[PDB]
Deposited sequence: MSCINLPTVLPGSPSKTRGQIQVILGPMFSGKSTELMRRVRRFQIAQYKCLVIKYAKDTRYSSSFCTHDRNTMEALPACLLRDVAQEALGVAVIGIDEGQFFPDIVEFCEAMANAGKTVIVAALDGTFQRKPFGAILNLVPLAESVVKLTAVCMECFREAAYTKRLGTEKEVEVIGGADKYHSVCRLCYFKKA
């Protein structure tokens, strides 16, 4: 009985922490677990493509993926692992700094048995934040960074 669970939200909403909470629940109950992280975010197997890690994932019952937006093969991997009877849990940004779909990640939603969107605190007005604002002027989608380069932000502060 396989499954895909998706944890969405802006930056600073605790997506990775929620991923680990969910994974630890199975681990403490003696399930074999594997967590995959995107190798280029360096601020628990590192990977750039999920296929590079698929043999390790096959010998496990529960798979966690952190920063799923950066994996070009996120959809085919999760779907194949869930159909092989694995529980797959994915933490990911739903939107880029432009509030557009981040990579292929939203194609998981129609495939998922569970989808949640977490919330952050607006770093500018301190209300609830749904979005991520880029502070600099860089235009490319992939720019690795933390609170130095990004603010979690509400709708009003996003457009300010």
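Within the chain's deposited sequence, the coordinate-free stretches run 1 to 17, 61 to 74, 192 to 193 in sequence order.
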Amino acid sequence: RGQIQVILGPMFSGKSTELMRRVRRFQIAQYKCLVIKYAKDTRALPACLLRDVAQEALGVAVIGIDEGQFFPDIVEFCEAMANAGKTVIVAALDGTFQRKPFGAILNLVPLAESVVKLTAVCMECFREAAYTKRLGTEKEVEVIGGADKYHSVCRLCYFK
From here on, numbers count along this sequence of modelled residues.
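When the mean C-alpha temperature factors of 129 to 137 and 89 to 97 are read from the deposited coordinates, 129 to 137 comes out higher. Legend: mean Cα B-factor per stretch from the PDB entry, 117 to 125 versus 48 to 56; the higher mean is in 48 to 56. Among all modelled residues in its chain, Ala104 ranks in the middle third by Cα B-factor. The PDB entry assigns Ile36 a C-alpha temperature factor belonging to the middle third of its chain's modelled residues.
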